[PDB]
Amino acid sequence: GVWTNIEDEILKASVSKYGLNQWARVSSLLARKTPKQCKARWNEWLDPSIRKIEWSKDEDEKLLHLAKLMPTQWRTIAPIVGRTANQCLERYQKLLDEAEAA
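Residues numbered from 1 in each chain as written, not as in the entry; some residues may be left out. Heavy atoms only, no water.

- Method-wise, the PDB entry is recorded as coming from X-ray crystallography, at a reported resolution of 2.402 Å.

**A word on the domain arrangement of the protein**
- Taken domain by domain, the protein comprises domain 1 (1-50) and domain 2 (51-102).
- Its C-alpha centre places domain 1 at a distance of 26 Å from the equivalent point of domain 2.
- In this complex, domain 1 contributes seven residues to the contact, which on the side of domain 2 involves six residues.
- When domain 1 packs against domain 2, the two sides together hide about 480 Å² of surface, and 46% of this comes from carbon and sulfur.
- A per-residue breakdown of the area domain 1 buries against domain 2 is headed by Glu44, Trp45 and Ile50, which together make up 88% of the total. (Domains from an automatic or database assignment. Contact = heavy atoms within 4.5 Å. Buried area = accessible area lost by both parts, 1.4 Å probe.)

**Thoughts on helix 4 (residues 57-69)**
- Between its first and last C-alpha, helix 4 extends 18 Å over 13 residues, near the 18 Å set by a 1.5 Å rise per residue.
- All of the buried residues along helix 4 are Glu59, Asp60, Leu63, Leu66 and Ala67. Projected down its long axis, helix 4 shows its buried positions confined to an angular sector of 140°, all on one face. Across helix 4 from its buried face, at more than 90 degrees, point the exposed residues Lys57, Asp58, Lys68 and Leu69.
- Tucked inside the fold, the buried residues of helix 4 contact helix 5 (85-101). (Helix = DSSP H or I, 4+ residues; strand = E, 2+ residues; numbered from the N terminus. Expected span 1.5 Å × (residues − 1). Buried < 20%, exposed > 50% of the residue type's maximum accessible area, 1.4 Å probe, protein only. Arc of directions from axis to C-beta.)

Next up, the structure:
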C-alpha cells in the first residue's frame, strides 16, 4: 500500500540502526510493510543519493539519447542519469505518452 510520512521516518531511523541488507529486522519495526517493500522504498525514495527535484530537460535529453542508443538494457542508462532504472523507465514512458498525444 501507500507510504506515509510516518512510515518513512521509522524506515530511515531503522535503516540507520540495522543498515542495508537487513530488511526483515527493518520490516519488524513496521506494521504492514514487507521486507522487500522496505528495500524498494529506500531504493526508490529514502536513499539520499536519489534526486528529489523534478526532472530537468537536460536529464530528459540524456534519457532520450541513451534509450535510443541502448534499448537492450535499462539498468544501463541509470549509472549515467542520476536516477534509478525504474524511474528512468517510467519517465521515458511519460515522454513517449506526451509525444503520442501530440
